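Residue numbers (the UniProt record's numbering), protein chains in the order written: chain A, 873 to 1114; chain B, 37 to 186, 226 to 250, 252 to 373. Idealized CB from N, CA, C, for every residue including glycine.
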Amino acid sequence: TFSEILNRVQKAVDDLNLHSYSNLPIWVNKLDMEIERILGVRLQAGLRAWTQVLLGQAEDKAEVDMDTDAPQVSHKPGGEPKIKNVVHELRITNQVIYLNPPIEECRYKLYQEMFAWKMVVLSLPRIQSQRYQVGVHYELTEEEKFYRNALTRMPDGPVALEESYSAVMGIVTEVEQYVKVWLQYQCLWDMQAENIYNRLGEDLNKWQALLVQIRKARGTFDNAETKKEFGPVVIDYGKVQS
Amino acid sequence: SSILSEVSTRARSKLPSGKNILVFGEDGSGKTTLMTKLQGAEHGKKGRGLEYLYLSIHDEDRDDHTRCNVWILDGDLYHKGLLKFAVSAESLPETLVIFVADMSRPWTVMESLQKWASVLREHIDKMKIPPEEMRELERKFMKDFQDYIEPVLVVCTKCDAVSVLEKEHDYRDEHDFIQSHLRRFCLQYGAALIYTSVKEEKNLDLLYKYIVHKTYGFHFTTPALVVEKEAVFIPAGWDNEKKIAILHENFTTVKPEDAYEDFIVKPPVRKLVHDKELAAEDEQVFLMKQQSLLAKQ
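(1) Which bits of chain B does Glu976 (chain A) rub up against, with CB to CB less than 7 Å?
(2) Can you check whether the C-beta of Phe987 (chain A) is within less than 8 Å of a C-beta belonging to chain B?
(3) If we require 3 or more residues per run, which beta strand (DSSP E) segments fall completely within the segment 119-174 of chain B?
(4) Could you name the residues that DSSP lists as bridge partners for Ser92 (chain B)?
(5) With distances taken Cα to Cα, identify the nearest neighbour of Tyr1050 (chain A) among A:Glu961, A:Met986, A:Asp1062.
(6) Starting from the beta carbon of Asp937 (chain A), find every residue of chain B whose beta carbon is closer than 7 Å, and list them in chain order.
(7) According to DSSP, which residues form a beta bridge with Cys231 (chain B)?
(8) For a contact defined as C-beta to C-beta under 9 Å, what are the partners of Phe121 (chain B) on chain A?
(9) At a CB distance below 8 Å, what residues from the segment 1059-1077 of chain A approach chain B? Give them in sequence order.
(10) Does any C-beta atom of chain A lie closer than 8 Å to the C-beta of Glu353 (chain B)?
(11) Can you name the start and end residues of the alpha helix (DSSP H) that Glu1048 (chain A) belongs to?
(12) Out of B:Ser140, B:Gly266, B:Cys234, B:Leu89, state which residue places its alpha-carbon closest to the alpha-carbon of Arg979 (chain A).
(13) Using the three-state DSSP reduction, which class does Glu249 (chain B) fall into: helix, strand or coil?
(14) Beta strand (DSSP E) containing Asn56 (chain B): first to last residue?
(15) Are there 16 or more other CB atoms within 10 angstroms of the CB of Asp1062 (chain A), so buried, or fewer, so exposed?
(16) So, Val958 (chain A) versus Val1112 (chain A), is the Cβ gap smaller than 8 Å?
(17) Would you call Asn105 (chain B) buried or exposed, if buried means 16 or more other Cβ atoms sit within 10 Å of its Cβ?
(18) Going by beta carbon distance, what residues of the same chain come within less than 6 Å of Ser256 (chain B), once the five residues before and after it are set aside?
(19) So is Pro299 (chain B) buried or exposed if we call it buried at 16+ other beta carbons inside 10 Å?
(20) Give me, in chain order, the residues of the same chain whose beta-carbon lies closer than 8 Å to that of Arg963 (chain A); leave out the 5 immediate sequence neighbours on both sides.
(21) Along the segment 889-919 of chain A, what residues have a CB closer than 9 Å to any CB found in chain B?
(22) On the criterion of 16 or more Cβ atoms from any shown chain inside 10 Å, does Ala942 (chain A) qualify as buried, or is it exposed?
(23) Which residues of chain B have a Cβ atom closer than 7 Å to the Cβ of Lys990 (chain A), listed in chain order?
(24) Under 8 Å, Cβ to Cβ, is there at least one residue of chain B near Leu962 (chain A)?
(25) Between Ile134 (chain B) and chain A, is there a C-beta pair that is closer than 8 Å?
(26) Could you spell out where the beta strand (DSSP E) holding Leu323 (chain B) opens and where it closes?
(27) Taking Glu1015 (chain A) as the query, report the chain B residues whose CB atoms sit under 8 Å from its CB, ordered along the chain.
(28) Between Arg998 (chain A) and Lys1017 (chain A), how many whole angstroms is the CB-CB distance? I'm expecting something under 8 Å.
(29) Spell out the partners DSSP gives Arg1087 (chain A) in its beta bridges.
(30) Spell out the partners DSSP gives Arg963 (chain A) in its beta bridges.
(31) Find the nearest neighbour of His250 (chain B) within the set B:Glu276, B:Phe181, B:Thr232, B:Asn326, judged by alpha-carbon distance.
(32) With which residues is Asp1108 (chain A) paired in a DSSP beta bridge?
(33) Would you mind sorting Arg1025 (chain A) into buried or exposed? The rule is 16 or more other CB atoms within 10 Å of its CB.
(34) Counting contacts by CB-CB distance shorter than 8 Å, is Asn966 (chain A) in contact with chain B?
(35) If we cut at 8 Å on Cβ distances, does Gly313 (chain B) have a partner in chain A?
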């Protein structure tokens, strides 16, 4: 939808270049700045809509008030970002709790869904005043080719962007802390059953007490839940729960 | 429990994932491309601000895997505050700093490097580390320094653009000048220099080995190369002013004390110099002009 609009404006500017009007780079440069400004606010809205979707604060259309008889055909400026579920199979092999996918892979998967969202705007084609001139001897880099710079053109400064990064870091950090608790049940392996038996010794009273404690600790994992969601990130701890 | 906790304190642990690499450089210097390539990925989506990624490190001998955190900052200082999100007090010793030097635009190399080095200096100033901890870190770093026998890491990107410099700007072996300056800068900050070319796939494996060495403490054996013009590699502690003096012999018009800007010039790129804003004279001003014309007649 943006690229189609940027196609129409380019053809009109090409017609202005076609008829040899004066001062066309100045007028095009002013229009190019104006377009970048609009792409700035839409990109700022897109990040905040994406941040709301990431944190679970995105408002579903069910909560859009139906008393407002005016049609809201204008879609959200930030769009409707959809972070898909990213389950992590917690696992313990030979008494060694390890997580594959790790919380670090949650960092990868989360930052990766985000990197797609920024590319909705950052990968758009940049309007060129002299596009109509073909083979023009002008250097063109990626920032010249695309609005790869719109992320500095956000209206509230860099706050919208830094909130998106903070949101991703916050969710990944929460997942990492949660996974770290399971990754710590490797305590069966780290010092062996024999070490506990050295601790109990020949005292049958301590063995009776331990058997009661192990049964109490088993009761904590007799839950049917296999997946816990913290915003859009799911930990499939059911594999460890098995 | 107490039992489980005690077992845990005996875990054969993975190599540290927490380790961090921080990458600095001007926009377009090849930071993202370089790191993506090291990751083994074909396409890195270009981010503005603080870019992210991680290296998967595999030890074939132990059949073990670990992963290094990757964080590359945007060229603009408008995104500088993201550094607090890349490095923290606890993670600072685990962090390895990578600074990118653009050889396609050599004239902005040193200036951008001081820009990046300075920004790191104010960042650590904001961090508020205890002076005892700061002295301990400096002791560890200098201990690593003198104990080198045959951290900040300077990586030169798009060195193959030297071939363009020979043609487009009539550069020669003397313009030794830039690499001597860069080595002196490394000595000033005690960094390790390496030359790279993703286009030619030069020293990529050497770079990867050196990163794994410095972060995870792995072994390293490659020697220092300072003869090849676009493949110079200098690990930490190798460089010295006496060792740097070999390049000063090759000079024949310049001197080591000569300024960088004078000898190597920033070209005046022929941008479309926009014309003066021509505006129609207002009715009042044009008619005051006509009044002046009529009155004198």
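According to the data block:
(1) Numbered from its first residue, the first sequence carries residue 976 (chain A) at position 104. Under the 7 Å cutoff, chain B gives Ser53, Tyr90, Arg103.
(2) Here residue 987 (chain A) refers to the residue found at position 115 of the first sequence. Yes - at least one Cβ of chain B is within 8 Å of the one on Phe987 (chain A).
(3) 131-138
(4) Numbered from its first residue, the second sequence carries residue 92 (chain B) at position 56. Bridge partners of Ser92 (chain B): B:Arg103.
(5) On the first sequence, residue 1050 (chain A) is found 178 positions in, with the first residue counted as 1. Selected option, being the one with the closest Cα: A:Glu961.
(6) Position 65 of the first sequence, counted from the first residue, corresponds to residue 937 (chain A). Those do not exist, as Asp937 (chain A) stays about 35 Å from chain B at its closest Cβ, beyond 7 Å.
(7) Within the second sequence, the letter at position 156 stands for residue 231 (chain B). Answer is B:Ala137, B:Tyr271, bridged to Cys231 (chain B).
(8) Walking along the second sequence from the start, residue 121 (chain B) turns up at place 85. Neighbours of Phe121 (chain B) on chain A, chain order: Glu1034, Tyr1037, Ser1038, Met1041.
(9) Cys1059, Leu1060, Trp1061, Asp1062, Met1063, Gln1064, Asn1067, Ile1068, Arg1071
(10) Residue mapping note: residue 353 (chain B) aligns to position 277 of the second sequence, counting from 1. It does: the Cβ of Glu353 (chain B) has a partner Cβ on chain A nearer than 8 Å.
(11) Taking the first residue of the first sequence as 1, we reach residue 1048 (chain A) at position 176. It spans 1031-1054 - the alpha helix (DSSP H) in which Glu1048 (chain A) sits, taken as one unbroken run.
(12) Along the first sequence, one-based indexing puts residue 979 (chain A) at 107. Residue B:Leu89 is the option with its Cα nearest to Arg979 (chain A).
(13) Working through the second sequence from its first residue, we reach residue 249 (chain B) at position 174. Coil at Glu249 (chain B), not helix or strand.
(14) Taking the first residue of the second sequence as position 1, residue 56 (chain B) is located at position 20. 56-60 is the extent of the beta strand (DSSP E) around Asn56 (chain B).
(15) Translated into positions along the first sequence, residue 1062 (chain A) becomes position 190. Per the 10 Å Cβ criterion, buried.
(16) Working through the first sequence from its first residue, we reach residue 958 (chain A) at position 86. Working through the first sequence from its first residue, we reach residue 1112 (chain A) at position 240. No, the Cβ-Cβ distance between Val958 (chain A) and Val1112 (chain A) is not below 8 Å.
(17) In the second sequence, counting from the first residue as 1, residue 105 (chain B) sits at position 69. Buried is the call here.
(18) Along the second sequence, one-based indexing puts residue 256 (chain B) at 180. Once the five neighbours on either side are set aside, the close Cβ partners of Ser256 (chain B) are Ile320, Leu323.
(19) For the purposes of this step, residue 299 (chain B) is identified with residue 223 of the second sequence, where counting begins at 1. With fewer than 16 other Cβ atoms inside 10 Å of its own Cβ, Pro299 (chain B) counts as exposed.
(20) For this step, residue 963 (chain A) is matched to residue 91 along the first sequence. For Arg963 (chain A), where only same-chain residues beyond five positions count, the Cβ hits under 8 Å are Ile969, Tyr970, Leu971, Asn972, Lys1111, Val1112.
(21) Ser894, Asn895, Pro897, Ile898, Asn901
(22) By 1-based counting over the first sequence, the position of residue 942 (chain A) is 70. So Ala942 (chain A) ends up on the exposed side.
(23) Walking along the first sequence from the start, residue 990 (chain A) turns up at place 118. Neighbours of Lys990 (chain A) on chain B, chain order: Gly83.
(24) Locating residue 962 (chain A) in the first sequence gives position 90, where the first residue counts as 1. No, its Cβ sits nowhere closer than 8 Å to a Cβ of chain B.
(25) As a working mapping, residue 134 (chain B) is identified with position 98 in the second sequence. Chain A, which has no Cβ nearer than 8 Å to the Cβ of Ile134 (chain B), makes this no.
(26) Here residue 323 (chain B) refers to the residue found at position 247 when the second sequence is read from its first residue. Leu323 (chain B) -> not in any beta strand (DSSP E); alpha helix (DSSP H) instead, spanning 317-326.
(27) In the first sequence, residue 1015 (chain A) corresponds to position 143, counting from 1. Ordered by position in chain B, the residues that pass the 8 Å Cβ test against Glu1015 (chain A) are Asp63, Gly64.
(28) For this step, residue 998 (chain A) is matched to residue 126 along the first sequence. For this step, residue 1017 (chain A) is matched to residue 145 along the first sequence. That belief holds up - the Cβ atoms of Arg998 (chain A) and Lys1017 (chain A) are roughly 6 Å apart, short of 8 Å.
(29) In the first sequence, residue 1087 (chain A) corresponds to position 215, counting from 1. Residue pairing from DSSP leaves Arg1087 (chain A) without any beta-bridge partner.
(30) The sequence position of residue 963 (chain A) within the first sequence is 91, counting from 1. For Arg963 (chain A), the beta-bridge partners assigned by DSSP are A:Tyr970.
(31) By one-based count along the second sequence, residue 250 (chain B) stands at place 175. When each option's Cα is compared against that of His250 (chain B), the closest is B:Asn326.
(32) Counting from 1 along the first sequence, the entry for residue 1108 (chain A) is found at position 236. According to DSSP, which records beta bridges pairwise, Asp1108 (chain A) is partnered with A:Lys1099.
(33) Residue 1025 (chain A) sits at position 153 when you count from the first residue of the first sequence. Buried, by the Cβ-count rule.
(34) Walking along the first sequence from the start, residue 966 (chain A) turns up at place 94. No, no contact with chain B.
(35) Within the second sequence, residue 313 (chain B) is the residue found at index 237, counting from 1. So, not an interface residue.
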